[PDB]
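Peer 1: Following this message is one structure expressed as structure tokens.
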Amino acid sequence: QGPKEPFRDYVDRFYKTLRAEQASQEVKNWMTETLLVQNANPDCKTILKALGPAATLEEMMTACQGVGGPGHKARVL
Amino acid sequence: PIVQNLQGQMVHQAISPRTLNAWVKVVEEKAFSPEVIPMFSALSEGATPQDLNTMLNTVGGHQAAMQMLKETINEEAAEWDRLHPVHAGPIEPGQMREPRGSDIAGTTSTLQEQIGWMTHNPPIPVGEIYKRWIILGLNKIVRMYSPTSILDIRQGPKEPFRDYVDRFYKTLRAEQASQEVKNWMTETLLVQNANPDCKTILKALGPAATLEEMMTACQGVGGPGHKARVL
Amino acid sequence: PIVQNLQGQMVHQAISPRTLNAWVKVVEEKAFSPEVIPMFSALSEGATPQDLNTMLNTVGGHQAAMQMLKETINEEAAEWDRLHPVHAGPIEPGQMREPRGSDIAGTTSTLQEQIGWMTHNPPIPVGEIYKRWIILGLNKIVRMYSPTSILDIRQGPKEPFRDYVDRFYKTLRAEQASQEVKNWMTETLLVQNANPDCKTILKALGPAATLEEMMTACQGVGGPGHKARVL
Amino acid sequence: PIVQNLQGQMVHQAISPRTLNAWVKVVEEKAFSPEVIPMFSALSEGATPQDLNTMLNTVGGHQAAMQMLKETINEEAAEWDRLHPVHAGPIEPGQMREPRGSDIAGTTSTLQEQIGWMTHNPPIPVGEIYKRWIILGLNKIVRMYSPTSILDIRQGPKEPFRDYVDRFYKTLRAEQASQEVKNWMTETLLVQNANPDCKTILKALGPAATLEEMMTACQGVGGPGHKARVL
Amino acid sequence: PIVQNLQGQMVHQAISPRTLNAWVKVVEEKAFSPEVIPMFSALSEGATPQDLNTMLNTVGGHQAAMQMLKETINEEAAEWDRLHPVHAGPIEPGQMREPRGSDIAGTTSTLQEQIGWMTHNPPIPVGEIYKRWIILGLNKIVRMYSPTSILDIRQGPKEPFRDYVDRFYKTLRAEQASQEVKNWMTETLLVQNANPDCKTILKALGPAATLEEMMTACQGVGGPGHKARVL
Amino acid sequence: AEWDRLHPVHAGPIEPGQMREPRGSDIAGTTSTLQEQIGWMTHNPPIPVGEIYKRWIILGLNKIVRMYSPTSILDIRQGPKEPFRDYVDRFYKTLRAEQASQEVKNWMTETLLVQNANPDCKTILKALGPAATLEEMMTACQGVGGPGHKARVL
């Protein structure tokens, strides 16, 4: 996750990259658990770890507001 | 007030100066504030229409508000008789007569008629119904003389969270909106109308974030600037 | 004062200093407002003529008003003894002698006689009759020495509609105003002292000048630019 | 509430509205200061769970504080059922049923049952148990609404030592320090956060000086900015 | 407090918060001015040791003053234990046992027993003994919370003689010096530290004059038609 | 001297064949002999006179450390570009140096610690609050953090 990049754009980018990767689903799930929170923004991953592992992506998307400046509730240009 | 030493054997004890004096003192300060309604409810547990009328008769201030309350009661009494919803007909020998709204508000009913309805099976709660009409009128007065909307309650630039919360909760209490709306207001609106410095911390609270946790979170984020141990 | 117990008999005791202490403070502030009449009524629940005389002579304040009240009760008592010439002694065996006007105002009756009438079955309401005479004297003080004119019952040049309705209804209550006078004032004068927004909603408002609807509609002073009479 | 009898167990009496009216005023002016806890302790002498609920129910001010207190007591009631905490009187009553958290909270118990526990031999002290939960809420309200500031209590230049000590003790009470914390704060900060003219006397007075010695020694000299009067 | 004296039914109830709030105002707002000792002496009429403990607890959050007061009380109770070699339990079955220092302060004795001592024939005056110990400690608090020296106080430039005398007499009550010294302060010091015009008449009148003569003349001097000089 | 004021020793031994009760002077070593000092430890039960003296000595050593170490928990605050991890180490070093009691350390940890942190830095720490232990806290505050984002060659 980039220094100016909000959590939604990073997740969008990760899943776009995950489509380009052609690995088996078990490996993809294990990679998602391994990488997605870990390689994220430091304050944002700290918020997400306190949500905990059984948080849904919808809950995670609704969280982390005010990280990545204006543009994180509005469309990419 | 009504006293029962045996259940169904109602005795009326006449309302006393200390009760009236305390009630007037509550009315003098608290009528336009949501403070009056729960104290009025606590006083009105086991009340007759005669007790409720005596309570309204012992107020002499705030006449426009009193007229709006009286007009509200007259319209509730009219709507009740349009419904006619507590009924039993006239055919049967020796059975209680059907309540009118005028009977409920204690003008066309005697104390023995009022006792008869409340000692009936089902107990027909003429004092509770009249008290609810008065509570609706008090809430109408509280709404009418309310200073500003719950949506417009907002925390100043570096304002204490606790002062903002007290104003928000008073305004929320005096608001009459649905329980889900009130839950959304505590969850969302209270956090949203907080000042930016407080609000980032409030938005970063975990699952199951309590008002006590919010108070802890915003403690040291507002009020007077730091004047020691900061340089 | 008199208290009725659960098993159906009446007991007496000397007047509370809480009532006297509250009463002096009520007389200090409420004297020229019609607030005094309900608050006096609240404080005098079950009061004997002796208790009422104790309350009247307790007051050292507002002496000319007290002189007006004392003359008013003495005139009413004299007029009551004009109405009924009272027969000598009891008028049947084993029953109390009939009240005179001076017995009612406590002067020629002793405390046991006052208790005797008030503990009659049904009660002979000497305290109520005297209390009504005291209330008439209070009404004279309230009308005579009023701040508020019923002849200047039009809204001021700088006066908001919410303050105006408080003054208007208080003035009517102070006068004990006629149902006809209220009927003319509500439909004519009150509407014409209401702000243009109140006159705008006239079809929704309908007949007979609904107060909460007008209070909802009106914002600030009525007359043009908040600097002139509305009427 | 209950009142004592000279022979045998107590008798229940109806609550005074003056007591409720005073309680509403105490909540208005003193709720966020820990001096409310002694007033509440005095108020709740001989109080049933039903009386305690009536006292809480009566309040309509400071609803944010009341909500956290109500959640706090509900957690304590759940804790009573779930954790089995230690208590005064029998774990097994002889002539009454065992009290659940809901029974102690007054929800699933009758007023006669509440009287039953309190009149039992030994007494089962349900009001004393419940009011401790309420006191934990009141102590929490003081912690939430009074800024944490014990290390920041310090004497102004023209300030009396006694007011500074009084403020320090009040702040320490608001914070709710345990014995090790309370002694450490009291020993280490009290001379150190004094003003230098006052501190000079305290340093001269020396190691191990008692509070009465310090209070006596460290009195002012009445110079400019210090009062010569209270009244 | 004891609330019935001619009957044993309903003999005792808890002290009102309404009364306690007035007591809290005397300690907090009049800042331990000499009036607190006569006010406490008035409040303690027919009081139990528990009522006295309730008053000690309810000092308006003045915890620091309470610590010094309670520690003083503990010594007074300890001195009583030296004075009277009281045993546990009664001399003989059924007898009211002699009260120890612990019992008198309500530490080892419960409310029913305290009422039992006070309602015996002869009564055993446990609350009266405890009240004196509390007053002895309260006198120290009155000295400690005294604003300034008896020597430093003065009459203002246009100030009434009665205001100066009231201040001097209150300060004199707070001062702990010998009765011989206190008489010297009344006869010589008060006149000596009085302003020149007031001093000149008070010296002219001298010790042979009555208090009324001193008051009338020095009120005469200080009224309108006065220079207002302190030299 | 506190021990002596608190404990006058009346009479000799209780009976022959068991040690006398020690006064404060005996503990400090100025009235007791080496044979007495051995005698107390070789008693049944042993009387731990040296341990009693040592507890007083440790308190004096603590005063010496506090006298020569300018450490104070009252003055503490986070430095401007100071890591949160450096700041907590400095805070617990300060508590160690001043020898704070455990309940005081808990109050300092749960009340004071995040209060005297930088306002940008304290953001997520304030949101976590005193329910989160030190390990739980130390995963935070790396957004305003120093080096540690990019891997090193070691």
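Chain labels run A, B, ... following the order of the structure tokens; each chain numbers its residues from 1, and ligands are numbered from 1 in the order shown.
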State the Cα RMSD (Å, one decimal) obtained when chain B is least-squares superposed onto chain E, all Cα atoms paired in order.

Peer 2: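 Result of the CA superposition: 3.9 Å.
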
Peer 1: Check segment 73-157 of chain E with DSSP on the backbone and list each residue it calls alpha helix (DSSP H), as a CSV table (one decimal) with N, CA and C atoms, in the first residue's frame.

Peer 2:
```csv
chain,number,residue,atom,x,y,z
E,73,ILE,N,-11.3,13.0,66.1
E,73,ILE,CA,-12.3,12.2,66.7
E,73,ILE,C,-11.9,10.8,67.3
E,74,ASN,N,-11.0,10.1,66.5
E,74,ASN,CA,-10.4,8.9,67.0
E,74,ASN,C,-9.6,9.0,68.3
E,75,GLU,N,-8.8,10.1,68.5
E,75,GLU,CA,-8.2,10.4,69.7
E,75,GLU,C,-9.2,10.7,70.9
E,76,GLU,N,-10.2,11.5,70.6
E,76,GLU,CA,-11.3,11.8,71.6
E,76,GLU,C,-12.0,10.6,72.1
E,77,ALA,N,-12.4,9.6,71.2
E,77,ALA,CA,-12.9,8.3,71.5
E,77,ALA,C,-11.9,7.5,72.3
E,78,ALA,N,-10.6,7.5,71.9
E,78,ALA,CA,-9.5,6.8,72.7
E,78,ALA,C,-9.4,7.3,74.1
E,79,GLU,N,-9.4,8.7,74.3
E,79,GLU,CA,-9.4,9.3,75.6
E,79,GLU,C,-10.6,8.9,76.5
E,80,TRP,N,-11.8,8.8,75.9
E,80,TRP,CA,-13.0,8.3,76.6
E,80,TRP,C,-12.8,6.8,77.1
E,81,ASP,N,-12.2,6.0,76.3
E,81,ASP,CA,-11.8,4.6,76.7
E,81,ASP,C,-10.8,4.6,77.8
E,82,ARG,N,-9.8,5.5,77.9
E,82,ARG,CA,-9.0,5.7,79.1
E,82,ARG,C,-9.8,6.2,80.3
E,83,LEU,N,-10.7,7.2,80.1
E,83,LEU,CA,-11.6,7.8,81.1
E,83,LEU,C,-12.6,6.8,81.8
E,101,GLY,N,-15.9,3.8,73.6
E,101,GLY,CA,-15.6,4.8,72.6
E,101,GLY,C,-16.0,4.4,71.2
E,102,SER,N,-15.7,3.2,70.9
E,102,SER,CA,-16.1,2.5,69.6
E,102,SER,C,-17.6,2.5,69.4
E,103,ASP,N,-18.4,2.2,70.4
E,103,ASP,CA,-19.8,2.2,70.4
E,103,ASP,C,-20.4,3.6,70.1
E,104,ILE,N,-19.9,4.6,70.9
E,104,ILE,CA,-20.3,6.0,70.8
E,104,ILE,C,-20.1,6.6,69.4
E,111,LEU,N,-27.6,0.6,64.4
E,111,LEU,CA,-28.6,1.5,64.5
E,111,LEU,C,-29.7,1.1,65.5
E,112,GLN,N,-30.2,-0.1,65.5
E,112,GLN,CA,-31.2,-0.6,66.5
E,112,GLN,C,-30.7,-0.5,68.0
E,113,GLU,N,-29.4,-0.8,68.3
E,113,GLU,CA,-28.8,-0.6,69.6
E,113,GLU,C,-28.7,0.8,70.0
E,114,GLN,N,-28.3,1.7,69.0
E,114,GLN,CA,-28.2,3.1,69.2
E,114,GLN,C,-29.5,3.8,69.6
E,115,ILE,N,-30.6,3.4,68.9
E,115,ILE,CA,-32.0,3.8,69.2
E,115,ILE,C,-32.4,3.2,70.6
E,116,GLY,N,-32.0,2.0,70.9
E,116,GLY,CA,-32.2,1.3,72.2
E,116,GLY,C,-31.6,2.0,73.4
E,117,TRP,N,-30.4,2.5,73.3
E,117,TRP,CA,-29.8,3.4,74.3
E,117,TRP,C,-30.5,4.7,74.5
E,118,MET,N,-30.9,5.4,73.4
E,118,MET,CA,-31.6,6.6,73.4
E,118,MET,C,-33.1,6.6,73.9
E,126,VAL,N,-25.7,8.6,74.0
E,126,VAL,CA,-24.6,8.3,73.1
E,126,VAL,C,-24.3,9.3,72.0
E,127,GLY,N,-25.4,9.9,71.3
E,127,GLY,CA,-25.2,10.9,70.3
E,127,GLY,C,-24.7,12.2,70.8
E,128,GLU,N,-25.2,12.6,72.0
E,128,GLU,CA,-24.8,13.8,72.7
E,128,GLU,C,-23.3,13.8,73.0
E,129,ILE,N,-22.7,12.7,73.5
E,129,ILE,CA,-21.3,12.5,73.8
E,129,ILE,C,-20.5,12.6,72.5
E,130,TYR,N,-20.9,11.9,71.4
E,130,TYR,CA,-20.2,11.9,70.2
E,130,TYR,C,-20.2,13.3,69.5
E,131,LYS,N,-21.3,14.1,69.6
E,131,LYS,CA,-21.5,15.4,69.1
E,131,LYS,C,-20.4,16.4,69.6
E,132,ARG,N,-20.1,16.3,71.0
E,132,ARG,CA,-19.1,17.1,71.6
E,132,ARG,C,-17.7,16.8,71.0
E,133,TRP,N,-17.3,15.6,70.8
E,133,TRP,CA,-16.1,15.2,70.2
E,133,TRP,C,-15.9,15.7,68.7
E,134,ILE,N,-17.0,15.7,67.9
E,134,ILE,CA,-17.1,16.2,66.6
E,134,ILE,C,-16.9,17.7,66.6
E,135,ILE,N,-17.6,18.5,67.6
E,135,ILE,CA,-17.4,19.9,67.8
E,135,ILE,C,-16.0,20.3,68.2
E,136,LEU,N,-15.3,19.5,69.0
E,136,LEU,CA,-13.9,19.7,69.4
E,136,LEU,C,-13.0,19.6,68.2
E,137,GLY,N,-13.2,18.7,67.3
E,137,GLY,CA,-12.4,18.6,66.0
E,137,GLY,C,-12.8,19.7,65.0
E,138,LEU,N,-14.1,20.0,64.9
E,138,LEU,CA,-14.7,21.0,64.1
E,138,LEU,C,-14.1,22.4,64.4
E,139,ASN,N,-13.9,22.7,65.7
E,139,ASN,CA,-13.3,23.9,66.2
E,139,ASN,C,-11.8,24.1,65.7
E,140,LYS,N,-11.1,23.0,65.6
E,140,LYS,CA,-9.8,23.0,64.9
E,140,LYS,C,-9.9,23.4,63.4
E,141,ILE,N,-10.9,22.8,62.7
E,141,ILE,CA,-11.2,23.1,61.3
E,141,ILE,C,-11.6,24.6,61.1
E,142,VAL,N,-12.4,25.1,62.0
E,142,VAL,CA,-12.7,26.5,62.1
E,142,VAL,C,-11.5,27.4,62.3
E,143,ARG,N,-10.6,27.1,63.2
E,143,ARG,CA,-9.3,27.8,63.3
E,143,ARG,C,-8.4,27.7,62.0
E,144,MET,N,-8.3,26.5,61.4
E,144,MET,CA,-7.6,26.2,60.2
E,144,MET,C,-8.1,26.9,58.9
```

Peer 1: Within 12 Å of chain C, which residues of chain B are there when counting only C-alpha atoms? Please give them as a PyMOL selection string.

Peer 2: chain B and resi 1-5+9-25+27-28+54-72+75+137+140-141+143-146

Peer 1: I'd like the interatomic distance between atom CA of residue 84 of chain B and atom CA of residue 121 of chain B, to a tenth of an Å.

Peer 2: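 Separation of atom CA of residue 84 of chain B and atom CA of residue 121 of chain B: 18.2 Å.
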
Peer 1: Residue 66 of chain F: which residues within 8 Å, counting only C-alpha atoms, same-chain residues fewer than 4 positions away excluded, as a list in words?

Peer 2: residues 62, 70, 71, 97 and 98 of chain F
